[PDB]
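Enquirer: Dumping the structure here so I can ask a few things about it.
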Amino acid sequence: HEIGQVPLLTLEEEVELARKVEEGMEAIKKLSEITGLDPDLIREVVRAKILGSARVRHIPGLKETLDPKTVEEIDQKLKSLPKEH
Amino acid sequence: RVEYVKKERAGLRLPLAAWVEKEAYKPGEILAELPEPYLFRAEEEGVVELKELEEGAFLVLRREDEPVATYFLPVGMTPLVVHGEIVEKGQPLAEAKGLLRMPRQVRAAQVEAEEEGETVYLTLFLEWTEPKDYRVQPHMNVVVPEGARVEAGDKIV
DNA sequence: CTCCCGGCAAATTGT
DNA sequence: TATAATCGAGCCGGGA
RNA sequence: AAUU
């Protein structure tokens, strides 16, 4: 019943999401270059804010404990970028 | 659908008693009122490039490929020539019958007028939009918002 | 009322 | 690692 | 399934 509450994608919608995901990974790659931050750490911080306050936990491969202190710092450092970055 | 901005300068000749003097014509505005039908005639010899808008038309005479004249036919003026037609100085291009006005989609900014005999020749500075349609396929995304302003080379889809 | 869960003897053997 | 695939298959007593 |  719960899966039947998410409608199936249109050919257009499928491509849009797939497209946005590819572009999004590419964005994270660039944010790594600009900032010098581990691509995974950036990815987990981005992902943290999307899913919401609900899910915040330590991620294995990452060197730093992932907690609201670090995600605010890292998100605030990302928002410290110039408009084109 | 991209409505492209075209700003040009095209001429027209009308009787003198039949035309209403204004410095500009808003679209739909009455340009002249003819007591009897009038034949607008060629002032150059050339091959005809006919460009028809929704209402109203543009007409362009060329020798070689170089345009020698640019004429504007407002509403109430029916082209008597077809694209690629050879014309000689003095042959009627369009008949103008009754009330002729600016078309609904096209304007007249500045209007200069010279008077010769019983006619006036208007040198019109005209601005109008020509629509072109593009079909967007499922694997394509439109990267431009509704009402955006684009120059040559800007990506739409 | 209805339903939902807990009970329902002992020891022994044998394929 | 790439056609496309998109929702399963016994009777009995007592206490909320 | 037997035995008591």
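Enquirer: Only residues that are away from every other protein chain (no Cβ under 14 Å) and either among the charged types (D, E, K, R) or touching a residue at least 60 places away in the same chain (Cβ under 8 Å) (or both): list them for the range A:20-47, please.
Expert: Result: A:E26, A:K29, A:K30, A:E33, A:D38, A:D40, A:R43, A:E44, A:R47.
Enquirer: Quick one: B:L59 ticks every box in (1) touching a strand residue (DSSP E or B) at 6+ places or on another chain (Cβ under 6 Å); (2) of a type in the set (A, V, I, L, M); (3) in contact (Cβ under 8 Å) with a residue 60 or more places away in the chain; (4) buried (at least 17 other Cβ atoms within 10 Å of the Cβ) except a single one, so which number is it?
Expert: It is condition (3) that B:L59 fails.
Enquirer: In a loop (DSSP other than H, G, I, E, B) and farther than 30 Å from A:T10 by Cβ: which single residue out of B:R149, B:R135 fits that description?
Expert: Only one candidate passes the filter, namely B:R149.
Enquirer: Among the residues that make up the range A:22-32, is at least one of them away from DNA strand D (no atom under 16 Å from the Cβ), part of a loop (DSSP other than H, G, I, E, B) and small (G, A, S)?
Expert: The answer is no, given that none of the residues of the range A:22-32 is away from DNA strand D (no atom under 16 Å from the Cβ), part of a loop (DSSP other than H, G, I, E, B) and small (G, A, S).
Enquirer: Among the candidates A:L17, A:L9, which residue alone is within 16 Å of DNA strand D (Cβ to nearest atom), within 14 Å of another protein chain (Cβ to nearest Cβ), of a type in the set (A, V, I, L, M, F, W, C) and part of a loop (DSSP other than H, G, I, E, B)?
Expert: Selected residue: A:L9, the only one of A:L17, A:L9 that is within 16 Å of DNA strand D (Cβ to nearest atom), within 14 Å of another protein chain (Cβ to nearest Cβ), of a type in the set (A, V, I, L, M, F, W, C) and part of a loop (DSSP other than H, G, I, E, B).
Enquirer: Ok, one more. Those residues that are of a type in the set (D, E) and in a loop (DSSP other than H, G, I, E, B), I need them from the range A:33-75; list them, please.
Expert: A:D38, A:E64, A:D67
Enquirer: For residues in the range B:100-156 being free of Cβ contacts under 8 Å to residues at least 24 places away in the same chain and in contact with a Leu (Cβ under 8 Å, 6 or more places away or on another chain), which is nearest to B:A69 (Cα to Cα)?
Expert: Looking at residues that are free of Cβ contacts under 8 Å to residues at least 24 places away in the same chain and in contact with a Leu (Cβ under 8 Å, 6 or more places away or on another chain), I get B:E112.
Enquirer: While we're looking at this one, here's another question. Just checking, does the range A:48-71 include any residue being surrounded by fewer than 12 Cβ atoms within 10 Å (Cβ to Cβ), within 29 Å of B:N141 (Cβ to Cβ) and either within 16 Å of DNA strand D (Cβ to nearest atom) or within 14 Å of another protein chain (Cβ to nearest Cβ) (or both)?
Expert: No - not one qualifying residue is present in the range A:48-71.
In this analysis, Cβ positions are derived from the backbone assuming ideal geometry, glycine residues included, and neighbour counts consider all displayed protein chains. Bear in mind that the values in this text are calculations on the coordinates, not laboratory data.
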